[PDB]
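Coming up are structure 1 and structure 2: the same protein chain in two forms, each one given alone as structure tokens.
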Structure 1
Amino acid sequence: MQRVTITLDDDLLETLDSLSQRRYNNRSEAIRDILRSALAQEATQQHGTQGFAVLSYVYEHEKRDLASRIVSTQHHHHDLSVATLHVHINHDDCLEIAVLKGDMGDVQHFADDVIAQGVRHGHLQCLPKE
């Protein structure tokens, strides 16, 4: 265990202390619990296992730059793709849902590129073969 120092916006810290009354004791324990529950679903998929995955995110299809960026890595790694669903959620935003399949290690590596590239609300739900 190590003692770390993080810097959080005044807003988040306020939203946090708020939740700290519906559930804590002190920020440390509040932050610890949330962080732990959130990471539980973020384990590293190991190269070797097969399965599927649901990658969802939002982006403005109003920007040709991001649009071409998200569209390029998609086609270039079409091997993982099973089908992608698109839905305009407002005049500028497109909600994209991509069903991926293959090596879970590759699926997660691929999804993480997207989630980090104008992409917002990106979520990856890994579904390892069972």
Structure 2
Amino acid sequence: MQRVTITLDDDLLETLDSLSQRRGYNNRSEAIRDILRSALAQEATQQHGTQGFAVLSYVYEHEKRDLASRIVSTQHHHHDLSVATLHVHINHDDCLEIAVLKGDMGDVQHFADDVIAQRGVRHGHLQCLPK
């Protein structure tokens, strides 16, 4: 098999290990392998063509890599694809934005990842509602 080195926040790591231990896992590699495999398999994306509405929601640290200042530009670039976005400051560092999108379910998907992917933007998620 292949080796791979990932880098995790201390908290993430603990949260992960313990939870892997309470499940009967004696080795991380298995543990993680099962999750990747699982969540990876149960996947699906948006067919390019249909139009409609989408609801992109996600959390992120506004401090990390001028994410706040950046996320906006990211959107203003396709400002003809954003209806509005609702923000909710959940604490000094973290933020929970919810963006309503409208247009080519394709462009949407893009713009979505143009966000979600960013390092320091956890729990990304795009929900679609095509005409």
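By convention here, residues take numbers in order along the sequence of structure 1, the first being 1. Take the two forms, find the largest set of C-alpha atoms that superpose within 1.5 Å, and that set is the rigid core.
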property: Residue 84 C-alpha moves between structures 1 and 2 by 2 Å or more, core aligned; result: no
property: Core-aligned C-alpha movement of residue 50 between structures 1 and 2, 2 Å or more; result: no
property: Threshold 2 Å Cα movement between structures 1 and 2 for residue 101, core superposed; result: no
property: Following rigid core superposition, Cα shift of residue 73 between structures 1 and 2 in Å; result: 0.5
property: Core-aligned Cα shift of residue 37 between structures 1 and 2, given in Å; result: 8.6
property: Rigid-core-fitted C-alpha displacement of residue 64 between structures 1 and 2 (angstrom); result: 5.9
